[PDB]
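Reading through the structure tokens given below for one structure.
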Amino acid sequence: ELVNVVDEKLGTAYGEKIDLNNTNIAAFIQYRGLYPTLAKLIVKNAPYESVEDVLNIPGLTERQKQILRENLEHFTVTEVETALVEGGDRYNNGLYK
Amino acid sequence: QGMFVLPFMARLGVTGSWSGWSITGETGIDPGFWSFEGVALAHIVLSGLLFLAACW
Amino acid sequence: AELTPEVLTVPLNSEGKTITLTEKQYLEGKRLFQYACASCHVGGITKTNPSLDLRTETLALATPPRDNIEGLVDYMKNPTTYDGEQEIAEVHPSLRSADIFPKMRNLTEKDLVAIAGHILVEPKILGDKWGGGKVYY
Amino acid sequence: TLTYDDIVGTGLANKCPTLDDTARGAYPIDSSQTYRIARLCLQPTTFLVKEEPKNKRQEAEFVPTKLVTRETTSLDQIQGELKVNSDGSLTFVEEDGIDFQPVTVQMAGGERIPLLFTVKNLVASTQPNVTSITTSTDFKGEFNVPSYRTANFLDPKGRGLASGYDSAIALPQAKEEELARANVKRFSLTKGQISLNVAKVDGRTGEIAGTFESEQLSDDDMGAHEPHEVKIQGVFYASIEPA
Amino acid sequence: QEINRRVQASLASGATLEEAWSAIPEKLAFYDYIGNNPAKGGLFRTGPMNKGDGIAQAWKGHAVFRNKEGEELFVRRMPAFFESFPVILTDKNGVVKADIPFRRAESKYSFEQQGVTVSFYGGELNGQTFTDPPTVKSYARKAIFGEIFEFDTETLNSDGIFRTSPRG
Ligand code: CLA
Ligand code: HEM
Ligand SMILES: CC1=C(/C=C/C(C)=C/C=C/C(C)=C/C=C/C=C(C)/C=C/C=C(C)/C=C/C2=C(C)CCCC2(C)C)C(C)(C)CCC1
Ligand SMILES: CC1=C(/C=C/C(C)=C/C=CC(/C)=C/C=C/C=C(C)/C=C/C=C(C)/C=C/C2=C(C)CCCC2(C)C)C(C)(C)CCC1
Ligand SMILES: [Ca+2]
Ligand SMILES: [Ca+2]
Ligand SMILES: [Cl-]
């Protein structure tokens, strides 16, 4: 039985929040203080088993840890979807304005 | 496959295609010009020249 | 519809203060925007980085907040990334980089105020079109 | 030393650096030091495709193909860590570079076989006890082969995975079951294998060169059809450095 | 309009939704389908309408779409002008609640995000509910054509492309 995996993934938390393991980087513009510095570190250090694992990224400032904690409620994690992360699509997904 | 002229081309030594296959099942052969395609083309051109000569 | 004083009234700061721009100020803002910004920011988008637009909500979520006059003027003096972390004057037009961005050279404080005003008023007029890109043309 | 203008348009840009025949030396490995490959280059010379067995179910062979996408095939500027393991074996862990090329080769009879020739996420290891990289050294390893097209790619009727229609809109009331394989795009991810056989070593500069053979699947056109098995043969070059 | 009027009259006389929709004649439902619109054909799309969408067998019933909050959603119908048409679902007031996205990367309204479901009333599928997104989408795609029918596409080797009627 054939399934479109991106559409399917939209039925998970991926469709409700920023998936630290899959969502394209521009999404981090939605909330104060995440883009581009933290966005970059988050994408670079993915995947994560849990949201709170984003807090363990090396070299983070205390201020950075704070912002991340303030925005954990906006994050999720689901299984890495090859289709969304290959091609460097997390950095540029062919979408502009 | 209901092939009729192909066996006659094969019979006298035309066995390969420009596209790379041969009727003996070989791959990556170069038949040179005288592939099945080359024979067909030669016959078409011959046909045309004979038409013109007929006109003359 | 008309360009009312109400429409020309935009946040001066993050503290609840507004300024009412004059029609002349608005037209000057449009003119200066066309002059210094529209090459990249036509219609409120950003051609060299479409991920960041000039919509009010977006400016509001920038650090420091840019959805007010003071914030925008500051950006025009000392531009930052969206999170405020690095200063980008060297690759972005500003008074600070008016040496390498010569069109900033004669922009006055009044000019910057006008530009900021255009940027905040335009979305109140055009709505989704501002920062919307080709979808909304 | 050559410039861009010396090379441009000659086809040399698609060639890997070579070493002269005198380069049969040995490059000392210090298990205390860290190493990196600063530049790995792979230049394919032959593409072979496994014929789809008639139905005799005997050994189906790899047959020659003709390259139709010109001199656009080489992998280069690849870099990555060269780990020295406890057992004295070396492991190259590819980190980045121009580590893929789309390639179309043409089979006898006309069939075109697109493939994503790649060594993405290459992990390759030597035999144990490699105190020096010599002309006896080899790397054997595996790499990832992602979908030839990525998720945004739209087929000629505008259907895609991460974008596009999800049906055959030109056939509004056709029964959807028989078109499912075409309507539902799938993203392939498979494994490839590569051998690097060192043929030349400059012990002084840290340059090695030799031949490679790799095996991987070709394009499956986002799940529309079965991929072919491809074997790629060619030459390689690598610069090893203290890092 | 006539179908909705009859259904409302049925509901007002104390019928269940199932009963109300089951009372709608198949012929009437069949009139409310764009494949019978004479302006959907093609000059060189030759022959009977059956050669296109197929030989109609039965009304599947009326599809009612709902999101995870239980709000009824309505599929935007295809105007005659359009050979193809997007799948867009709005609430009773025309506000968008669901769609089939083209680009997914910034999708906000996918059936999967909105937990769109479909329940059928009347017809072959009366009383059934589907929740798996592929099937719900499939029925929404058919819902752009109006009422949804089962077709015999095998008998005439139908090609799935609308043809015009003798009126056209
Ligand atoms: C008023 C005329 C008329 C009409 C409205 C119909 C309509 C109908 N007939 Mg019918 N038919 C007609 C005359 C007509 N027919 C005639 C005279 C015959 C005898 C040959 C037939 C034989 C016939 C058969 C055998 C069948 C039909 C069927 C049908 C239907 C299918 C229509 C179709 O697919 O057409 C397709 C129409 C076209 C592809 C358009 C043709 C346009 C021409 C080629 C343009 C020519 C251009 C010209 C050369 C330019 C010159 C330029 C110069 C001046 C410079 C349809 C309901 C079919 C049906 O389903 O029956 C159950 C069916 O099987 N018809
Ligand atoms: C006086 C002239 C300009 C003004 C007032 C202006 C205004 C702004 C503002 C307010 C932002 C912040 C966006 C946000 O926070 O959402 C921004 C971002 C940006 N603009 Fe400008 N713009 C001007 C001209 C230009 C020009 C000429 C270019 C390019 C040549 C440019 C490129 C950019 C880029 C690249 C960003 C985002 C950079 C980053 O955050 O990394 N702008 N602009
Ligand atoms: C449909 C059909 C098909 C196909 C068919 C075909 C394809 C046919 C073709 C064939 C052909 C194709 C014929 C041939 C021919 C020729 C002719 C018979 C003509 C002639 C000659 C002449 C008449 C000329 C004259 C000349 C001139 C020109 C100049 C000067 C000189 C002269 C006078 C000599 C088949 C059968 C398979 C099956 C069924 C159906
Ligand atoms: C040897 C060689 C070859 C053989 C060849 C062949 C076989 C040949 C033939 C040739 C041909 C077979 C030729 C033909 C001819 C003639 C011509 C050269 C042409 C013409 C005429 C004309 C001049 C006409 C004119 C006109 C017309 C158009 C119309 C009307 C009027 C007139 C009549 C005036 C081969 C391949 C084996 C190989 C190697 C060797
Ligand atoms: Ca060797
Ligand atoms: Ca069929
Ligand atoms: Cl946005």
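Residue names in the structure tokens use chain letters A, B, ... in the order shown, residue numbers from 1 in each chain, and ligand numbers from 1 in the order shown.
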Counting only C-alpha atoms, chain D residues within 7 Å of chain B, as a list in words: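 Putting it all together, I get residues 63, 64, 65, 108, 109 and 110 of chain D.
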12 Å from ligand 1 is the threshold here; counting only C-alpha atoms and all ligand atoms, which polymer residues fall inside it? Answer as a ChimeraX atom specification. /E:38,41-52,156,162-168
Write the selection just made, keeping N, CA, C and O atoms, as a PDB file, in the first residue's frame?
```pdb
ATOM      1  N   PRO E  38     -22.427  19.403 -19.801  1.00  0.00           N
ATOM      2  CA  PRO E  38     -22.036  19.349 -21.213  1.00  0.00           C
ATOM      3  C   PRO E  38     -20.865  20.262 -21.560  1.00  0.00           C
ATOM      4  O   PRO E  38     -20.333  20.175 -22.662  1.00  0.00           O
ATOM      5  N   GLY E  41     -16.532  18.665 -21.888  1.00  0.00           N
ATOM      6  CA  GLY E  41     -16.027  17.759 -22.897  1.00  0.00           C
ATOM      7  C   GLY E  41     -14.822  18.265 -23.659  1.00  0.00           C
ATOM      8  O   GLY E  41     -14.120  19.165 -23.199  1.00  0.00           O
ATOM      9  N   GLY E  42     -14.563  17.640 -24.805  1.00  0.00           N
ATOM     10  CA  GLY E  42     -13.462  18.010 -25.677  1.00  0.00           C
ATOM     11  C   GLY E  42     -13.834  17.738 -27.121  1.00  0.00           C
ATOM     12  O   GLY E  42     -14.513  16.754 -27.409  1.00  0.00           O
ATOM     13  N   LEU E  43     -13.385  18.602 -28.024  1.00  0.00           N
ATOM     14  CA  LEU E  43     -13.687  18.452 -29.443  1.00  0.00           C
ATOM     15  C   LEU E  43     -13.292  17.099 -30.024  1.00  0.00           C
ATOM     16  O   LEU E  43     -14.019  16.527 -30.836  1.00  0.00           O
ATOM     17  N   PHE E  44     -12.140  16.589 -29.608  1.00  0.00           N
ATOM     18  CA  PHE E  44     -11.658  15.323 -30.143  1.00  0.00           C
ATOM     19  C   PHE E  44     -11.745  14.187 -29.131  1.00  0.00           C
ATOM     20  O   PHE E  44     -11.232  13.089 -29.364  1.00  0.00           O
ATOM     21  N   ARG E  45     -12.403  14.459 -28.008  1.00  0.00           N
ATOM     22  CA  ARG E  45     -12.718  13.422 -27.038  1.00  0.00           C
ATOM     23  C   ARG E  45     -14.015  12.786 -27.521  1.00  0.00           C
ATOM     24  O   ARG E  45     -15.106  13.238 -27.181  1.00  0.00           O
ATOM     25  N   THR E  46     -13.887  11.715 -28.293  1.00  0.00           N
ATOM     26  CA  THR E  46     -15.013  11.193 -29.058  1.00  0.00           C
ATOM     27  C   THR E  46     -15.874  10.175 -28.320  1.00  0.00           C
ATOM     28  O   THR E  46     -15.396   9.443 -27.456  1.00  0.00           O
ATOM     29  N   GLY E  47     -17.156  10.150 -28.664  1.00  0.00           N
ATOM     30  CA  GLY E  47     -18.049   9.088 -28.240  1.00  0.00           C
ATOM     31  C   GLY E  47     -18.962   9.444 -27.085  1.00  0.00           C
ATOM     32  O   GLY E  47     -19.115  10.613 -26.748  1.00  0.00           O
ATOM     33  N   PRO E  48     -19.567   8.423 -26.470  1.00  0.00           N
ATOM     34  CA  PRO E  48     -20.484   8.546 -25.332  1.00  0.00           C
ATOM     35  C   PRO E  48     -19.757   9.050 -24.090  1.00  0.00           C
ATOM     36  O   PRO E  48     -18.554   8.822 -23.958  1.00  0.00           O
ATOM     37  N   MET E  49     -20.470   9.739 -23.206  1.00  0.00           N
ATOM     38  CA  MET E  49     -19.931  10.088 -21.895  1.00  0.00           C
ATOM     39  C   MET E  49     -19.364   8.896 -21.127  1.00  0.00           C
ATOM     40  O   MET E  49     -18.372   9.034 -20.412  1.00  0.00           O
ATOM     41  N   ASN E  50     -19.987   7.731 -21.276  1.00  0.00           N
ATOM     42  CA  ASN E  50     -19.517   6.525 -20.596  1.00  0.00           C
ATOM     43  C   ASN E  50     -18.064   6.170 -20.924  1.00  0.00           C
ATOM     44  O   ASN E  50     -17.363   5.579 -20.108  1.00  0.00           O
ATOM     45  N   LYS E  51     -17.615   6.535 -22.121  1.00  0.00           N
ATOM     46  CA  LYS E  51     -16.241   6.271 -22.532  1.00  0.00           C
ATOM     47  C   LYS E  51     -15.250   7.085 -21.700  1.00  0.00           C
ATOM     48  O   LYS E  51     -14.077   6.738 -21.588  1.00  0.00           O
ATOM     49  N   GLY E  52     -15.734   8.158 -21.092  1.00  0.00           N
ATOM     50  CA  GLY E  52     -14.888   8.978 -20.249  1.00  0.00           C
ATOM     51  C   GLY E  52     -14.829   8.530 -18.804  1.00  0.00           C
ATOM     52  O   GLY E  52     -13.967   7.740 -18.427  1.00  0.00           O
ATOM     53  N   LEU E 156     -15.990  -0.416 -21.159  1.00  0.00           N
ATOM     54  CA  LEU E 156     -15.708   0.368 -22.354  1.00  0.00           C
ATOM     55  C   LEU E 156     -14.257   0.814 -22.464  1.00  0.00           C
ATOM     56  O   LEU E 156     -13.922   1.613 -23.335  1.00  0.00           O
ATOM     57  N   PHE E 162     -13.442  13.562 -19.219  1.00  0.00           N
ATOM     58  CA  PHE E 162     -14.833  13.916 -19.444  1.00  0.00           C
ATOM     59  C   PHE E 162     -15.100  14.161 -20.912  1.00  0.00           C
ATOM     60  O   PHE E 162     -14.286  14.750 -21.619  1.00  0.00           O
ATOM     61  N   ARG E 163     -16.250  13.685 -21.363  1.00  0.00           N
ATOM     62  CA  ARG E 163     -16.712  13.936 -22.710  1.00  0.00           C
ATOM     63  C   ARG E 163     -18.033  14.669 -22.574  1.00  0.00           C
ATOM     64  O   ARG E 163     -18.693  14.576 -21.541  1.00  0.00           O
ATOM     65  N   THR E 164     -18.421  15.398 -23.616  1.00  0.00           N
ATOM     66  CA  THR E 164     -19.693  16.110 -23.608  1.00  0.00           C
ATOM     67  C   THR E 164     -20.868  15.207 -23.962  1.00  0.00           C
ATOM     68  O   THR E 164     -20.690  14.097 -24.447  1.00  0.00           O
ATOM     69  N   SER E 165     -22.078  15.713 -23.719  1.00  0.00           N
ATOM     70  CA  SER E 165     -23.293  14.958 -23.993  1.00  0.00           C
ATOM     71  C   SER E 165     -23.829  15.263 -25.393  1.00  0.00           C
ATOM     72  O   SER E 165     -23.253  16.093 -26.098  1.00  0.00           O
ATOM     73  N   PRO E 166     -24.923  14.594 -25.816  1.00  0.00           N
ATOM     74  CA  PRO E 166     -25.532  14.993 -27.095  1.00  0.00           C
ATOM     75  C   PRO E 166     -26.039  16.432 -27.147  1.00  0.00           C
ATOM     76  O   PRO E 166     -26.157  16.988 -28.243  1.00  0.00           O
ATOM     77  N   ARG E 167     -26.345  17.028 -26.000  1.00  0.00           N
ATOM     78  CA  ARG E 167     -26.697  18.446 -25.936  1.00  0.00           C
ATOM     79  C   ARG E 167     -25.558  19.310 -26.469  1.00  0.00           C
ATOM     80  O   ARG E 167     -25.756  20.187 -27.326  1.00  0.00           O
ATOM     81  N   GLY E 168     -24.351  18.992 -26.012  1.00  0.00           N
ATOM     82  CA  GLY E 168     -23.163  19.715 -26.416  1.00  0.00           C
ATOM     83  C   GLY E 168     -22.838  19.513 -27.880  1.00  0.00           C
ATOM     84  O   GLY E 168     -22.573  20.478 -28.592  1.00  0.00           O
TER      85      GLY E 168
END
```
Show me, as number ranges by chain, the residues of chain C whose atoms get within 7 Å of chain A, using only C-alpha atoms for the distance check. C: 50-51, 61-63, 82-83, 132-133
If you keep C-alpha atoms, can you produce a file of those selected residues as a JSON list (two decimals), in the first residue's frame?
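Written output follows (selection_32.json):
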```
[["chain", "number", "residue", "atom", "x", "y", "z"],
["C", 50, "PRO", "CA", 13.02, 35.95, 0.86],
["C", 51, "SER", "CA", 12.87, 34.20, 4.24],
["C", 61, "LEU", "CA", 9.24, 39.21, 16.27],
["C", 62, "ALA", "CA", 12.76, 40.41, 15.35],
["C", 63, "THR", "CA", 15.34, 41.11, 18.05],
["C", 82, "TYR", "CA", 16.81, 38.66, 13.01],
["C", 83, "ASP", "CA", 17.94, 37.48, 16.46],
["C", 132, "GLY", "CA", 3.41, 38.77, 0.17],
["C", 133, "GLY", "CA", 5.44, 38.45, -3.00]]
```
Can you list every residue of chain C that has an atom at most 7 Å from ligand 2, with its nearest atom pair and the distance in Å to one decimal, using only C-alpha atoms and all ligand atoms, ordered by chain then number, as CSV?
```
residue,atom,partner,partner_atom_place_in_ligand_line,distance
C:33,CA,ligand 2,1 (C),6.7
C:36,CA,ligand 2,2 (C),4.8
C:37,CA,ligand 2,24 (C),4.0
C:39,CA,ligand 2,27 (C),6.2
C:40,CA,ligand 2,28 (C),5.1
C:41,CA,ligand 2,22 (N),6.4
C:46,CA,ligand 2,33 (C),6.1
C:48,CA,ligand 2,35 (C),5.5
C:49,CA,ligand 2,35 (C),5.3
C:52,CA,ligand 2,16 (O),4.9
C:53,CA,ligand 2,16 (O),5.0
C:54,CA,ligand 2,16 (O),5.3
C:58,CA,ligand 2,16 (O),5.0
C:59,CA,ligand 2,16 (O),4.6
C:62,CA,ligand 2,15 (O),4.8
C:66,CA,ligand 2,15 (O),6.4
C:72,CA,ligand 2,10 (C),5.5
C:75,CA,ligand 2,10 (C),6.0
C:76,CA,ligand 2,5 (C),5.1
C:80,CA,ligand 2,40 (O),6.2
C:81,CA,ligand 2,40 (O),3.6
C:82,CA,ligand 2,40 (O),4.8
C:92,CA,ligand 2,31 (C),5.6
C:93,CA,ligand 2,2 (C),5.5
C:94,CA,ligand 2,1 (C),6.4
C:104,CA,ligand 2,1 (C),6.9
C:115,CA,ligand 2,5 (C),6.6
C:116,CA,ligand 2,5 (C),6.8
```
Atoms to include: N, CA and C atoms. Write the selected residues as a tab-separated table (two decimals), in the first residue's frame.
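Writing done, so here's out21.tsv:
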```
chain	number	residue	atom	x	y	z
C	33	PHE	N	12.34	55.15	0.23
C	33	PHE	CA	12.29	53.69	0.14
C	33	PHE	C	12.62	53.20	-1.26
C	36	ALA	N	16.47	53.85	-1.82
C	36	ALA	CA	17.50	53.12	-1.08
C	36	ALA	C	17.20	51.65	-0.83
C	37	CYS	N	15.94	51.25	-0.93
C	37	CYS	CA	15.55	49.94	-0.42
C	37	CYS	C	14.87	49.02	-1.41
C	39	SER	N	15.12	48.17	-4.45
C	39	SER	CA	15.93	47.29	-5.28
C	39	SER	C	15.95	45.87	-4.72
C	40	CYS	N	15.82	45.78	-3.40
C	40	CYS	CA	15.77	44.51	-2.71
C	40	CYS	C	14.43	44.27	-2.04
C	41	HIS	N	13.77	45.35	-1.63
C	41	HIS	CA	12.57	45.25	-0.80
C	41	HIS	C	11.28	45.64	-1.46
C	46	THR	N	12.15	40.47	0.45
C	46	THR	CA	13.58	40.68	0.36
C	46	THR	C	14.15	39.75	-0.70
C	48	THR	N	17.18	39.18	-1.91
C	48	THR	CA	18.40	38.43	-1.61
C	48	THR	C	18.25	37.55	-0.37
C	49	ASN	N	17.11	37.67	0.31
C	49	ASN	CA	16.74	36.71	1.35
C	49	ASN	C	15.24	36.70	1.61
C	52	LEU	N	13.07	36.48	5.03
C	52	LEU	CA	12.80	37.61	5.90
C	52	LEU	C	12.07	38.71	5.14
C	53	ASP	N	10.88	39.07	5.59
C	53	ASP	CA	10.13	40.12	4.91
C	53	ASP	C	10.01	41.36	5.80
C	54	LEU	N	9.23	42.34	5.35
C	54	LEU	CA	9.05	43.58	6.11
C	54	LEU	C	7.63	43.70	6.67
C	58	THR	N	6.41	40.21	11.52
C	58	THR	CA	7.78	39.75	11.41
C	58	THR	C	8.75	40.72	12.06
C	59	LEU	N	8.58	42.01	11.77
C	59	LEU	CA	9.41	43.02	12.40
C	59	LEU	C	9.21	42.96	13.92
C	62	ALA	N	11.31	40.19	15.42
C	62	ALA	CA	12.76	40.41	15.35
C	62	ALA	C	13.34	40.84	16.69
C	66	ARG	N	11.47	45.41	15.78
C	66	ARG	CA	11.61	46.39	14.70
C	66	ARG	C	10.26	46.91	14.20
C	72	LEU	N	13.26	50.60	13.60
C	72	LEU	CA	13.60	50.70	12.19
C	72	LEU	C	14.71	51.69	11.89
C	75	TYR	N	17.79	50.06	12.98
C	75	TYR	CA	18.19	49.07	11.99
C	75	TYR	C	18.92	49.78	10.86
C	76	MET	N	18.38	50.91	10.42
C	76	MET	CA	19.00	51.71	9.36
C	76	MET	C	20.34	52.30	9.76
C	80	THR	N	21.06	44.38	12.18
C	80	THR	CA	21.39	43.09	12.77
C	80	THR	C	20.65	41.95	12.09
C	81	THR	N	21.14	40.73	12.29
C	81	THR	CA	20.37	39.53	11.99
C	81	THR	C	19.06	39.54	12.79
C	82	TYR	N	18.15	38.64	12.44
C	82	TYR	CA	16.81	38.66	13.01
C	82	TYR	C	16.81	38.44	14.52
C	92	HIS	N	24.95	45.01	4.53
C	92	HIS	CA	23.67	45.70	4.49
C	92	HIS	C	23.78	47.22	4.60
C	93	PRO	N	23.05	47.94	3.74
C	93	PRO	CA	22.98	49.40	3.74
C	93	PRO	C	22.64	50.00	5.10
C	94	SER	N	23.49	50.92	5.54
C	94	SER	CA	23.27	51.64	6.79
C	94	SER	C	24.09	52.92	6.80
C	104	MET	N	23.36	55.75	1.04
C	104	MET	CA	22.98	56.09	2.40
C	104	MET	C	23.60	57.42	2.79
C	115	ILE	N	11.37	56.82	5.90
C	115	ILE	CA	11.45	55.43	5.44
C	115	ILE	C	10.78	54.46	6.40
C	116	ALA	N	11.14	54.55	7.68
C	116	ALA	CA	10.52	53.72	8.70
C	116	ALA	C	9.01	53.87	8.68
```
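The gap separating CA of residue 47 in chain A from CA of residue 5 in chain A is 18.0 Å, in Å to one decimal.
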Protein and nucleic residues near ligand 4, 10 Å, only C-alpha atoms and all ligand atoms, as JSON, numbers by chain: {"B": [34, 39, 42, 43, 45, 46, 47, 48, 49, 50, 51, 52, 53, 54, 55, 56]}
Can you tell me which residues come within 8 Å of ligand 5 when counting only C-alpha atoms and all ligand atoms, ideally as a ChimeraX atom specification? /D:134-138,197-200,210
DSSP on the backbone: which residues in chain E end up as strand (DSSP E or B)? Give the answer as a ChimeraX atom specification. /E:33,55-66,72-75,88-90,96-99,110,117-121,129-130,146,148-152
Taking the backbone alone, and naming residues the way the document does, which bits of range 26-167 of chain E are alpha helix (DSSP H) by DSSP, as a PyMOL selection string? chain E and resi 26-31+133-143
Kindly export the residues of the current selection with N, CA and C atoms, as a PDB file, in the first residue's frame.
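The resulting file, selection-v1.pdb, is shown below:
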```pdb
ATOM      1  N   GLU E  26     -31.324   8.509  -6.597  1.00  0.00           N
ATOM      2  CA  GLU E  26     -30.035   8.384  -7.265  1.00  0.00           C
ATOM      3  C   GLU E  26     -29.937   9.233  -8.525  1.00  0.00           C
ATOM      4  N   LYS E  27     -31.038   9.328  -9.260  1.00  0.00           N
ATOM      5  CA  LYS E  27     -31.102  10.130 -10.481  1.00  0.00           C
ATOM      6  C   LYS E  27     -30.867  11.619 -10.225  1.00  0.00           C
ATOM      7  N   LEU E  28     -31.437  12.110  -9.131  1.00  0.00           N
ATOM      8  CA  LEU E  28     -31.260  13.501  -8.741  1.00  0.00           C
ATOM      9  C   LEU E  28     -29.820  13.757  -8.347  1.00  0.00           C
ATOM     10  N   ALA E  29     -29.262  12.852  -7.551  1.00  0.00           N
ATOM     11  CA  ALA E  29     -27.875  12.969  -7.136  1.00  0.00           C
ATOM     12  C   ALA E  29     -26.984  12.984  -8.375  1.00  0.00           C
ATOM     13  N   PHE E  30     -27.367  12.179  -9.359  1.00  0.00           N
ATOM     14  CA  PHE E  30     -26.591  12.008 -10.579  1.00  0.00           C
ATOM     15  C   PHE E  30     -26.605  13.265 -11.436  1.00  0.00           C
ATOM     16  N   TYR E  31     -27.727  13.979 -11.424  1.00  0.00           N
ATOM     17  CA  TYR E  31     -27.764  15.304 -12.051  1.00  0.00           C
ATOM     18  C   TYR E  31     -26.811  16.324 -11.421  1.00  0.00           C
ATOM     19  N   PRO E 133      -5.987   9.484   5.958  1.00  0.00           N
ATOM     20  CA  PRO E 133      -5.858  10.631   5.053  1.00  0.00           C
ATOM     21  C   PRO E 133      -5.854  10.316   3.543  1.00  0.00           C
ATOM     22  N   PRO E 134      -5.155   9.260   3.077  1.00  0.00           N
ATOM     23  CA  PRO E 134      -5.281   8.927   1.650  1.00  0.00           C
ATOM     24  C   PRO E 134      -6.714   8.798   1.108  1.00  0.00           C
ATOM     25  N   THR E 135      -7.549   8.054   1.826  1.00  0.00           N
ATOM     26  CA  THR E 135      -8.921   7.804   1.397  1.00  0.00           C
ATOM     27  C   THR E 135      -9.793   9.055   1.476  1.00  0.00           C
ATOM     28  N   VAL E 136      -9.607   9.822   2.545  1.00  0.00           N
ATOM     29  CA  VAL E 136     -10.350  11.057   2.734  1.00  0.00           C
ATOM     30  C   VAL E 136     -10.007  12.012   1.603  1.00  0.00           C
ATOM     31  N   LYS E 137      -8.719  12.131   1.292  1.00  0.00           N
ATOM     32  CA  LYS E 137      -8.301  12.933   0.144  1.00  0.00           C
ATOM     33  C   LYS E 137      -8.929  12.444  -1.139  1.00  0.00           C
ATOM     34  N   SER E 138      -8.977  11.128  -1.330  1.00  0.00           N
ATOM     35  CA  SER E 138      -9.521  10.574  -2.568  1.00  0.00           C
ATOM     36  C   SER E 138     -10.967  10.998  -2.760  1.00  0.00           C
ATOM     37  N   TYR E 139     -11.730  10.879  -1.681  1.00  0.00           N
ATOM     38  CA  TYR E 139     -13.116  11.298  -1.746  1.00  0.00           C
ATOM     39  C   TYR E 139     -13.244  12.803  -1.883  1.00  0.00           C
ATOM     40  N   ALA E 140     -12.336  13.581  -1.309  1.00  0.00           N
ATOM     41  CA  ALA E 140     -12.407  15.026  -1.509  1.00  0.00           C
ATOM     42  C   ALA E 140     -12.172  15.388  -2.987  1.00  0.00           C
ATOM     43  N   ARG E 141     -11.181  14.724  -3.598  1.00  0.00           N
ATOM     44  CA  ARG E 141     -10.903  14.857  -5.029  1.00  0.00           C
ATOM     45  C   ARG E 141     -12.133  14.535  -5.841  1.00  0.00           C
ATOM     46  N   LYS E 142     -12.915  13.557  -5.398  1.00  0.00           N
ATOM     47  CA  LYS E 142     -14.120  13.250  -6.167  1.00  0.00           C
ATOM     48  C   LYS E 142     -15.214  14.272  -5.856  1.00  0.00           C
ATOM     49  N   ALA E 143     -15.188  14.795  -4.635  1.00  0.00           N
ATOM     50  CA  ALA E 143     -16.160  15.774  -4.165  1.00  0.00           C
ATOM     51  C   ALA E 143     -16.056  17.102  -4.895  1.00  0.00           C
TER      52      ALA E 143
END
```
With a distance cut-off of 8 Å and only C-alpha atoms, select the neighbouring residues of range 159-174 of chain D, excluding the residue or stretch itself and same-chain residues fewer than 2 positions from it, and output the selection as an NGL selection string. (:A and (4-7 or 83-84)) or (:D and (151-157 or 176 or 179 or 183-187)) or (:E and (52-54 or 83-84 or 101-105 or 142 or 153 or 158-162))
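In this model, the gap between CA of residue 3 in chain A and CA of residue 110 in chain E comes to 14.8 Å.
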Just want the 10 Å neighbourhood of residue 59 in chain E, counted on only C-alpha atoms, with same-chain residues fewer than 6 positions away dropped. Output as a ChimeraX atom specification. /E:25-27,29-30,122-125,147-151
Please produce an output containing N, CA and C atoms for each residue in the selection, written as a short mmCIF file (atom, residue, chain, number, x, y, z; two decimals), in the first residue's frame.
```
data_model
loop_
_atom_site.label_atom_id
_atom_site.label_comp_id
_atom_site.auth_asym_id
_atom_site.auth_seq_id
_atom_site.Cartn_x
_atom_site.Cartn_y
_atom_site.Cartn_z
N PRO E 25 -33.26 10.48 -4.35
CA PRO E 25 -33.19 9.61 -5.53
C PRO E 25 -31.81 9.67 -6.17
N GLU E 26 -31.32 8.51 -6.60
CA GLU E 26 -30.03 8.38 -7.26
C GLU E 26 -29.94 9.23 -8.53
N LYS E 27 -31.04 9.33 -9.26
CA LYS E 27 -31.10 10.13 -10.48
C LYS E 27 -30.87 11.62 -10.23
N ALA E 29 -29.26 12.85 -7.55
CA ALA E 29 -27.88 12.97 -7.14
C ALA E 29 -26.98 12.98 -8.37
N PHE E 30 -27.37 12.18 -9.36
CA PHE E 30 -26.59 12.01 -10.58
C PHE E 30 -26.61 13.27 -11.44
N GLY E 122 -26.51 8.14 2.89
CA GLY E 122 -27.17 7.68 1.68
C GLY E 122 -26.21 6.87 0.83
N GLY E 123 -26.72 6.34 -0.28
CA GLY E 123 -25.92 5.59 -1.23
C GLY E 123 -25.25 4.32 -0.72
N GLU E 124 -24.31 3.80 -1.50
CA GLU E 124 -23.58 2.56 -1.23
C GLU E 124 -22.80 2.60 0.09
N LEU E 125 -22.28 3.78 0.41
CA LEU E 125 -21.42 3.95 1.58
C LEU E 125 -22.12 4.49 2.82
N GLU E 147 -21.55 15.29 -6.31
CA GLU E 147 -21.88 13.98 -5.76
C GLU E 147 -21.00 12.90 -6.38
N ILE E 148 -20.68 11.88 -5.59
CA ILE E 148 -19.65 10.91 -5.93
C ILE E 148 -20.27 9.59 -6.36
N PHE E 149 -19.78 9.03 -7.46
CA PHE E 149 -20.38 7.82 -8.00
C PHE E 149 -19.36 6.72 -8.22
N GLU E 150 -19.86 5.49 -8.21
CA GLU E 150 -19.07 4.33 -8.61
C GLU E 150 -19.27 4.09 -10.10
N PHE E 151 -18.17 3.89 -10.81
CA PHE E 151 -18.22 3.69 -12.25
C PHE E 151 -17.63 2.37 -12.70
#
```
